[PDB]
Amino acid sequence: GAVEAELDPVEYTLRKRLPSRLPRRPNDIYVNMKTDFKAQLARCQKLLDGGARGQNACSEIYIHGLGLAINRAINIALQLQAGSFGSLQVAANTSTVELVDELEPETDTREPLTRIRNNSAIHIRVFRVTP
Amino acid sequence: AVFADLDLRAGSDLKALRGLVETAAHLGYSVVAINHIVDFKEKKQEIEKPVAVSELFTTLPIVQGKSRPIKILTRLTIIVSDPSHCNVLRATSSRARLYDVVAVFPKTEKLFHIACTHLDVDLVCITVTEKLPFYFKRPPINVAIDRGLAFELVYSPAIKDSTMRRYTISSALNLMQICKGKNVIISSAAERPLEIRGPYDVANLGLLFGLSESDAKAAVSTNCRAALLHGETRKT
Amino acid sequence: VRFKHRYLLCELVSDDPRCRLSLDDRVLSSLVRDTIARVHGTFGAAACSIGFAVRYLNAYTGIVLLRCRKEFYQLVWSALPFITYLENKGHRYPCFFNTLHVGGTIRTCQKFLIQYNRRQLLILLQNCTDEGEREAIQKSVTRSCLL
Amino acid sequence: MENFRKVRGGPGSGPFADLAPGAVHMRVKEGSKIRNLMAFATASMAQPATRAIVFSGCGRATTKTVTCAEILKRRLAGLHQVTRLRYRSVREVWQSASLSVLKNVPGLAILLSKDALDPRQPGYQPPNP
Amino acid sequence: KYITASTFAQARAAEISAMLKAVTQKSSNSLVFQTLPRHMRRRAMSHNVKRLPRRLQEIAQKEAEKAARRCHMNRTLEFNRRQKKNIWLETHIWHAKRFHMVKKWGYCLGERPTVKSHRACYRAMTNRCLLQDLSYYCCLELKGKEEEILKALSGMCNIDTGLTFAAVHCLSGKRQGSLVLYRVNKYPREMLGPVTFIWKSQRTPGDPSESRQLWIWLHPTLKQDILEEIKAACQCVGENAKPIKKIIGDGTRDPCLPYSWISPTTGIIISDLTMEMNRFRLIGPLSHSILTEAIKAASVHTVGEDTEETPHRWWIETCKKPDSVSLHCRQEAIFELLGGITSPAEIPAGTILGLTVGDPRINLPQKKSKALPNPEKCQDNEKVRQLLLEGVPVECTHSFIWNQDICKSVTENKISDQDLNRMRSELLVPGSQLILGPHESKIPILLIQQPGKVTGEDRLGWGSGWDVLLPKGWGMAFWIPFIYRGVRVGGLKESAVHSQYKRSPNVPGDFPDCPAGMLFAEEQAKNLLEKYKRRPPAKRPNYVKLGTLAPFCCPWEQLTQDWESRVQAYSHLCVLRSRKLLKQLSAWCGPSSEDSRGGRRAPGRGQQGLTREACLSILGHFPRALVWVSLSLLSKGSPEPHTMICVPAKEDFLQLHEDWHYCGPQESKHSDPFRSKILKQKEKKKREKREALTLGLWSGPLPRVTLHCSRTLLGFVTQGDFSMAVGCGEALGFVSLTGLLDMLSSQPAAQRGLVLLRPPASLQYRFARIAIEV
RNA sequence: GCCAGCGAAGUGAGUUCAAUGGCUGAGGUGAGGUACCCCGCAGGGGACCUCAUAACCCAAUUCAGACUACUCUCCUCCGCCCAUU
RNA sequence: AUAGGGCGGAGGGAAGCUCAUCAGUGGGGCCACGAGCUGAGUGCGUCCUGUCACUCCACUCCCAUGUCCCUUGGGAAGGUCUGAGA
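Residues numbered from 1 in each chain as written, not as in the entry; some residues may be left out. Chains lettered and ligands numbered in written order. Part of a larger assembly, values for the part shown. Heavy atoms only, no water.

Structure determination for this entry, per the PDB record, employed cryo-EM and reached 3.92 Å resolution.

Taken directly from UniProt, the Subcellular location text for chain D runs: "Nucleus, Nucleolus". What the UniProt record of chain D gives under Sequence similarities is the line "Belongs to the histone-like Alba family." (UniProt positions renumbered as here; feature names shortened; annotations may be inferred.)

Quoted straight from UniProt, the Function (literature references left out) entry for chain A says "Component of ribonuclease P, a ribonucleoprotein complex that generates mature tRNA molecules by cleaving their 5'-ends. Also a component of the MRP ribonuclease complex, which cleaves pre-rRNA sequences." Regarding chain A, the relevant UniProt record gives this comment under Sequence similarities: "Belongs to the histone-like Alba family."

Section: the sheet that holds strand β2 (residues 31-34) of chain B
Residues and elements named next belong to chain B. One open sheet accounts for 3 strands, arranged β1-β2-β4; its pairing is parallel. The open sheet has two edge strands with one neighbour each: β1 (5-8) and β4 (71-74). For this sheet, the mean inter-axis angle between neighbouring strands, taken without regard to orientation, is 20°. In this structure, β1 lies alongside β2, joined through 4 bridges in parallel fashion. Looking at the pairing, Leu 8 lines up with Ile 34 of β2. (Pairing = 2+ DSSP bridges. Helix = DSSP H or I, 4+ residues; strand = E, 2+ residues; numbered from the N terminus. Axes fitted to C-alpha atoms, helices over the stretch in contact; angles between N-to-C directions.)

A look at the protein's contact with RNA strand G
Around RNA strand G there are 97 residues in total, and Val31(A), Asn32(A), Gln45(A), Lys539(E) and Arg766(E) lie nearest to it. Among all atoms of RNA strand G positioned within 4 Å of the protein, those belonging to sugar or phosphate total 62%. Interatomic distance of 2.4 Å between a side-chain N/O atom of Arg601(E) and a phosphate oxygen of RNA strand G. The separation between a sugar or linking oxygen of RNA strand G and a polar side-chain atom of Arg690(E) is 3.2 Å. Examining the composition of the surface near RNA strand G, we find that 7 residues originate from one element, helix α1 (residues 37-48) of chain A, more than from any other. (Near = heavy atom within 4 Å. Polar contact = N/O pair within 3.5 Å; in protein donor to acceptor, adjacent residues only side chain to side chain.)

Description of the pattern of salt bridges
By the definition in use, this model includes 22 salt bridges over all chains. For the salt bridge of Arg175(E) with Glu102(A), the shortest nitrogen-to-oxygen distance reads 3.0 Å. Pair noted here: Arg175(E) is in the loop between α7 (171-174) and β5 (177-182) and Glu102(A) is in strand β4 (residues 89-103), and the two residues belong to different chains. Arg175(E) sits in the buried class, given a relative accessible area of 9%. By relative accessible area, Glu102(A) is classed as buried at 8%. A salt bridge links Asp417(E) to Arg361(E), with the shortest nitrogen-to-oxygen separation between them at 3.2 Å. With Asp417(E) in the loop between α15 (406-411) and α16 (418-426) and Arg361(E) in the loop between β12 (352-358) and α14 (381-389), this pair connects stretches of sequence that are 56 residues apart. The exposure class assigned to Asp417(E) is partly exposed, which follows from its relative accessible area of 40%. Overall, the relative accessible area of 6% leaves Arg361(E) in the buried class. (Salt bridge = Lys/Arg side-chain N within 4 Å of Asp/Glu carboxyl O. Buried < 20%, exposed > 50% of the residue type's maximum accessible area, 1.4 Å probe, protein only.)

Some remarks on unusual backbone geometry
Residues and elements named next belong to chain E. A cis amide bond links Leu 257 to the next residue, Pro 258, at an omega of 10°. Backbone torsion omega between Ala 550 and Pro 551 reads -5°, so that peptide bond is classified as cis. Position of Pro 551 relative to the elements: it lies in the loop between α19 (517-534) and α20 (556-569). Its identity is not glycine, yet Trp 88 carries a phi of approximately 60°, on the positive side. Relative to the helices and strands, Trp 88 is located in the loop between α3 (75-83) and α4 (92-98). Even without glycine at this site, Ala 538 takes up a positive phi of about 60°. When you line up the elements, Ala 538 lands in the loop between α19 and α20.

Examining the sheet that holds strand β3 (residues 37-38) of chain B
All names here are of chain B. Pairing within the open sheet is parallel, and its 3 strands lie in the order β3-β5-β6. Edge positions in the open sheet fall to β3 and β6 (102-106), since each of these has one partner strand only. For β3 and strand β5 (residues 76-80), the ladder comprises 2 bridges, and the chain directions are parallel. Pairing of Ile 37 across the sheet is with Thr 77, part of β5.

Details of the pairing of strand β8 (residues 184-188) of chain B
Residues and elements named next belong to chain B. By the criterion of burial, β8 is predominantly enclosed, with 5 of the 5 residues buried. Note that strand β7 (residues 151-155) and β8 share 5 bridges and pair parallel. Looking at the pairing, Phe 151 lines up with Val 184 of β8. Remark: the β7/helix α5 (residues 163-178)/β8 crossover connection has right-handed handedness. (Right-handed = clockwise from strand over helix to strand, strands pointing away.)

Encoded structure:
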């Protein structure tokens, strides 16, 4: 039933309810996929220099990333560390995210099925440490 | 839309060169091109190792803005008055293939005609010092703008005199009114260690020359990349 | 009932910090009026007698914020590069350079000044490599984080 | 198609080389190497060796070294892991005319340990799951 | 010290600027009344001083030292006399207090907010909380034996092409179904309409022996359309009194309506109810957290043990069984477990969960707009994973207020709220929560959530929302605690951006069908014609010279005739809402690339392959096809409503492949001979004084739509706007497949979805990309 | 008649020592001229060039309504005077 | 009768030209996931051993810090008017 003709949506991956708080005192940056690289790096450069304009005050940032977004996140981070030109501390945190996929064909006898997957997420944490 | 590309006429010693490079990198520049004035009286050709920037500077110039590595070009400004000296420059089209942008400086109207007609140059230098009147014919200017010839206007009369300011502003207004203003870039020479101006100020200074409220900045920011591409296609 | 003002920032770039110490409002105003009177006539300089005025000045920093009108800021900003040969008690050669032209709006002009000051601090750090200035840099970063 | 890769774990490799761990490298893109490295991890869990596991990855494999080293953390249940992020220069020569190009790639290193980091962490702050 | 004094000077200048702008932005011209935030400004502070806070009132009194008739009637009787004409919902007065209320096809509803919040509604829709008022959904309750209602739904279902709702029976116990119903089973492609469907089977029978309920929820014009369909299909047989029901329904209650009849022959009991219960759609991730913190389950312990004096005996009769206490405990535990979940975004498809809730005005926090996140304690990860994997609320799906007599006994309580406001002030507590409980409101409510953009693979489950289902008595009382927590309210414009941002068509009338779409198009055309005759000439551009028959949204009825004539030479409104063929169209229109074999990836885990005869065989069984398309602007474009989608030529392909950043070519001008005819009509009119056509209306719709423009137009856009979900122009428009198959057969080469569009006010063509993600 | 406030992010423009209707070209409309093109009811339609597209005034939280200041502009009720049958 | 020419006054919840390029100020927007989490295929090893290599098979190419997009003072934005946003 999952081979002939079926509906395959990907629902969501849990991050936390942290990003309701994270853009207030610290800064958080989520890297999406296939949108733009240069726009993400420009928003990183804009949010990094923000003092009393960005959110409240730039003190520390950390960037979230999933399976390929970890690669685009390490790319924007290692280009931002070359671009911002200041001595900044970069520490990465590895975590496990549970992914749930749903599948169901359109038939009056079949039943839906849920597949489990595990993904590796990174948190790239940049501190403003004295040079 | 590559900004911060202008030309300089500056070589005295290594200390003044480092000072002008640091000043240009601090204020408003991301590509520095050094001209070398060669007149028709000396007729000297030293091309192999005259300058040696990378062996003497320290690994990077850093700017206050985008913090990008500056590309440094070595250009040659040849003052050509005699027609035989122009034939000497015709002989150098295959002998020594260096000095990416070749900049001729004409003084004869027939020589300026064959410069825009047959002679393979990149950017024609037009400066007027001490009573140099010069007319312009429109079809060679049309062939020049169809080809890609960007007209250089090197200015620095602001510290020395005021009559030189008068002759430069008169030549600039005549060029803007006759040439119609399609591809003309203005640049500064550096003999004294402080003969440089602002990066955004080039727009209003070409506005004082004329050409538009905006096409001075638009024309320099387009035609410098166009002139680098034209010199690259001439080299390759 | 109001008039749209324009403002401009200019940095004095020179060595020999006696030139950095030699600043005054009346002296700078008379200097700008005298160097516009050489470039422009009565119509250019007298419009600067009513519209142009000194607004913000720093001695050591060298950033000058000046006012200018709607129909005259092109003339003022075209008269700015021709400020040459300031004669004073010593033999000095100061010179202005434009950072960015802000269309009025003093608040974001002060916002852009803070980012420009942070760029002037952070870029100078790696090329010098000296701890005596680095301690004052750390104190300045700490005092900015206390704000 | 000849590539040379220069790495710019520089001060950190010293205390590890004092104890000689097992080194892991993931070049670009390879499938059965994940199973082979998990087999060596399962073997070295039983073999007599100190608590020090080193993972390294460059290029596109900077995602894959995040994945497989996660899986061992679901089995070995390690405590202190340092993830270091550095520049790596890849100078490769290829043919279309032979041309060489120098790219800059991220390089990701994972250091699993328990007792070597216990006097450590005033500065680095590794995660402690 | 050169560089040291420079460092101190730069630090002093940075400190001075950073303090100066921060003090000056909060100063606001040294005025205390302008120091307040701009969302919290009231202009009546000069008349009375109580419009400012007390700490600010102590300054405003010193600032004041420095510086029409009454209602003479019963206002309830005036509201009843006005409610005799209109509907006047319980929260309609709350909306009309601070929102624009415009009369519509049914009742008068909220179009736009009074305050400018168009960016703020999207910013509250992404991360924050936002709710709506959805009361127009009329409900058909059908009762009957298990074998007969399945036949009554099989006469209407069309499972073979549509989505499964009736005979599936596995999706029914956990969640609901949401799809489009059809007409009588002749299958003519005539009648269609979206209907949200609800099953419920009780846990104890487990066999076809008891009475099975089913619910239809739909739209009022759809109610007028489908009520006749059900009737033809199944069987052809002195104190203040608050008008909770509708006065149209209350006046028709003696002759006809609500429509609650039975059937002796087939045993089908039909209950058409216009306003029986209400539904509220709370959209937002933080909405789930504040719904956890505000809505709380009532305690079954203290009432169930010994507390019983005087009525609400039904809770005693329910709590008499020992299974109800453990059932309410499991419902409260699963509700707290849902509260432990960080978002309502991870949930399979529209789940249903109902429980008994102590009313959220018990707490009533003293502050206003007090929005907080969760505490950092986020434990119990195993039960969250168990609820996310299976998610089986069979036992917790409790139908208590769905009955005929119990819900009316709930509604008969007639609770007041101003007196309940006064009882809190009589207790004189400063900041504590104290509500006496000899008689509490221990009533159950339902939660049906909604995932949005499940079909679209661009965002994969964007719109996460909840639906609070509640009786008609408990209305605005449950509205206002969320408003005090800080939930924002959006009108029909917020539903329109919910449609166009999620790339779904609007369910009232923006999709074309025969009874609803045509009347809604004519109603919108009356407003556009009023704005057209309202504007004088020399302001608007003429559509004769530059464009074509725009923006009147019914020319495609003769466009598809020209397409089928062009097909056959060399039934109406057939919408291909069949998901298999839509995935086949997604396989061509989505990927536009060539690497080795297929689009965007060579393995693909799919079936790539070209056959044009199999594509032409689709048009033989499906005449006059019309499919909606999500189109995306690449660069340099802002779409308007009613943009016409034009087929690109080969020269446009060459000029776009030659150089990047290339704008579309201009449209040539057309002949306009009608101006002399309108001048002759004006001369004849002024002659006769001493067919009204002003500037581009005429009775020539047939020969033009065939061939007028230089390019071939095939597509009509209803919602053309730029979305902040992408950061460019993102439009949604209806096209025909007979023009798309020629586009797909014209280019086996590079980019194929790049198809131009033309707005009616402009002469510029702008290219976009076609996507069909269903 | 009296009685009811919320210090925390950021208005399909949101500034406050107070930004935002800038230039060019073609079409819209009010007009004039024709040595251009097509069709045969003296003519009709399209094409080319020029002029005019102003004033009132300027937002600081929004909306509804009322007011006052308008004339490139459109739908009507009209008046007076001049000329014709 | 020709509202042919000139002027004035009244009423309409009357409206106060658009588009594209170059350029100036300010604002907004730019969505954690390649079904590569024990991935697949090939050559030596191997059939129960890969500090082996290859294919950007998922093109994400490019010194990447914006050659990205949108719009931007109306009928009246003016009255020391009314009312509402409790």
